[PDB]
Structure formats: structure tokens, C-alpha cells
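Here's a solo chain for you in C-alpha cells, the form deposited in one PDB entry.
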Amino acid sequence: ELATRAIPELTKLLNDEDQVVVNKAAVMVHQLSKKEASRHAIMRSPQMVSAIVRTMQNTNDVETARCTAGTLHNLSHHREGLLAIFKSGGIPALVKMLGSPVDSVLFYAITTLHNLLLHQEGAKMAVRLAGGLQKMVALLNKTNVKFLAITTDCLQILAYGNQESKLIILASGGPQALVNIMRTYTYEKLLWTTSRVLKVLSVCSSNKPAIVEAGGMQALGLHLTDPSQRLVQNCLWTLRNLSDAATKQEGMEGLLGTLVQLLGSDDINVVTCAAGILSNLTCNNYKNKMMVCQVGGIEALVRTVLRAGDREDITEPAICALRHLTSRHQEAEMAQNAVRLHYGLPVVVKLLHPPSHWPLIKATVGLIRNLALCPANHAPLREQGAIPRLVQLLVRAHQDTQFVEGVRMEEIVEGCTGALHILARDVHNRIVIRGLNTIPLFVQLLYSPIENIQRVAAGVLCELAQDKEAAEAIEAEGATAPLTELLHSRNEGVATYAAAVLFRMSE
């Protein structure tokens, strides 16, 4: 046990006022930290560790700083050494050394801090408290990509499930620098570790705009075709989180093209994510809607729904995307036809039936409603058996409302009746709708407090009332009084159809 008088005396030498003495101690201690036997003897001596920590941060001798930092680094490979570093106030010192202009000292500091963050308890809160986050974010402008990979992983460990840390990164200009890493470098580890930080940051809603405004959507989209599976996946997850706040963000065309390509991926998780992002990005943005249509997005989304089967995780976002693409833009009509031309109508109608759950059904009804606007879809939708199921769904939804799975039954009623309203433009469809004994139900919907349900219920009744016999059955059901009431609505749409039904009942 040579450490009986070797360690204590060496501790004193490090504590000496003469720099040259301290320097000689530092180099020796540093060598002692390279062997299991002698390194253990340093770990068992807090006084020694304290001396190293103090020297490292206080010294103006670069070799000493290097040797003291390297010693701590060597200790950090073991449980005992990590705990020794922790308890001797190593972390604040290590954080301080992140300002070092010496690369070796800086690299020892980050590596040691990384090890502490990975393996030592209390290390995260200690680093946070010592102002580590600000430091680490300011270091993201360094050019060594291996250094950046370690730094970004430290941030990930700090930020994960910690609002304090996330907000500090946001405050310190973290998104800007992180997004810059993703647009500049090609080192896979760095891109990977950076993506996981941006993912953590992308979770909270208030945090998303900073990543978006910096150009994060495009920077993330840049790596979607990269060989790395883990990189692509993290980019996709982040993009999907962000895409809720990037619905009005401009310049998304390149990304959208790639997302449509990704729908043809062998990896189902890739397809699911791509569909989800496309769903988000196409919502209330005509440029995004148009772009997706131009690159054959309809075919891809139809084929995705077909390929998905009863996987509602995939069909729901795919159907939603299609619903977005079939309304309120220049190529909505092209899109409505495309769904038919690419053999979508069979599967779209199929999804109305069980075992589909309400969120999907709601989206599917909305899509069918849009598809019905195209006259060429009237007969195919009928021939696929859309009318009976639409009625059946309307009936079940009406019973409750005379939230299920997070879906209002009022929205199902409105959506089903709205679809039937559009379908009832076709004479053959009107025959089917009448044949299902829908007149009494539609008249009851005139009593609804919701104006949109009143409009579509009167709307469908209007269409049906074209036939004289149907008009008699509507009058016979006692629609006149509700209609007369609805004639005075401030909602012009409701009042228009109310007047129309009364008129057709009178001729």
C-alpha cells in the first residue's frame, strides 16, 4: 500500500503555492490515473480529488489544466470515480472549463460531463444549477462534429422531461443552432443526436414555432432519404410533432414531395409518420394541397389506405389527408376524380363498416362528402353501398343526441346528412335514400338546435321533395311547422332550403 504516503504527499504538492511544484504533482497524478491499482487509490481520497478539481479551475498552467482534467476524465470511467467527482464539486468546475481555449481541456470536460450525465445521479440537476445548458448551447457553434455529437447528447439528457432545461435551450437560441447542425453536417451520429434534441423540444406546443421559423421543417426533411434508419425515424417523429404548428409555414414543397415518396417505403412506421405529417400539412393550406396533388399524392394515399387494411393508425391520417385534398382549392375537382380513377372508392366505403372506430368513420364521412361533390362519383358510391351505411351511421349517432371515443355524435349526424344531401343530387340516389325510410329521421333533424344540421336536413329534404310522392310523405310527417319556423332563420342557408321544401310541397 504505497498510497499510504504517496497520495497524501502528492495532495500537498497540488495544494502548494509554487506553480512548478503543482505542475509536477499534476503530471504524476495524471500518470497514476492510468492504472487500475493507483487509479483506485485516487478514487478513495476525496482530498486528492478536491485538490485536482481546484487546481484544474484555478491554474494558469495549460499542461497542469490538461493533466488535472484528464485525471478526472479517467476517474469518470468508474462508479467510484464518478461519485468522487460529484461529491468534490467537480461539475461546476467541469462546466467552468467549457470556456477553455485549449481543445484537450474542453474535450476532457465535455466527455467527463457526458459520463456524469449518463451514469451519476444528481448530475443532471447539478449541471443545470451550474449553468451548463447556456454553456453547451453556446458551444454548438464549434466545428468539431464529434465534439458536437457529445454536446448535443448532453443537451438531450438534460432537456428530456424537464421544462426548465427546454426553456433555457429555447431562451439561449438553441433551436437556431440545432437546425444549423442539421443543414450543414453529414456526420450521422451528430445528425442523429441533434434530431433527438429537436424531438424533445418539438413536444410542447409553445416551443414548436422557434424550430419552424428557423427552417427546421426543411432541415429535418433534408435527411429523410438518408441510409440511417434511426436518423430518418427521429426526423419523422419531430416533423409530425412540429407539423401542427407548421400548417401556415411557407416553403414546404420540397418536403411534401419527399413525404409522398416515403409512402412507398417498406417500413410501415415510415409510412404512418409520412401520412400523419401530410395530414397536418394539407390542413387549410391550398399550396400544400396543390403540391401534393401534383406529385401523385392521391394515388399514393389511396394505395396507403389499401395497404393499411384495418390499421387505423395509418388509415385515419391517410383519409384525413385525402379529405383535405378534396376540398377548397383549384385541384379539388382533379383530386375528387383521382380518388375514383385510382380505385379508392371501394376501400373508402369499406372503412365506414366495422371494425372501424369513430375517429376514422368521422374522417371517412367527411371525405365521402367531398367526393360526392364530383357527379361522376355519384353512381360508384351508390354501387359500393355507401347510402345504406351512411344512413345506418346517422341513426346510431342520432340516438345519443336526440363524446364517444373523442368524437361528437352531432358531427357524425351533420356529416352523414351532409353527404346524403350531396348524393341526393342524383335521381337514382334519391330513390335509394327514400327506400331506406329516411324522411321521418330528416324531419326530426329540423328540430336540432345546431344550425348546420338544420341546413343539411332541410337540404336533403329539398332534394328529395323534387318527387311529388316524396313531398307528400314529408308533409305527412309534419314538416311544415318546423320548416315555417326555420323559414325565419338569420342563417340564410337554413332559410333558403326551408323555403324550397315548403315550395315543392305546394306544387
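For every residue, the number given is its place in the sequence shown, counted from 1.
The form solved in complex with a partner chain exists for this protein as well; it is not shown, and the discussion that follows is about that form.
Although the partner is absent here, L10 sits close enough that one of its heavy atoms falls within 4.5 Å of the partner chain in the deposited complex. Among heavy atoms of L441, none comes within 4.5 Å of the partner chain in the deposited complex. When contacts are judged by a 4.5 Å heavy atom cut-off, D16 counts as touching the partner chain in the deposited complex. Among heavy atoms of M28, some come within 4.5 Å of the partner chain in the deposited complex. Shown are candidates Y108, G366, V22, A219; the hinge separating the rigid parts that shift between the shown form and the other one corresponds to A219.
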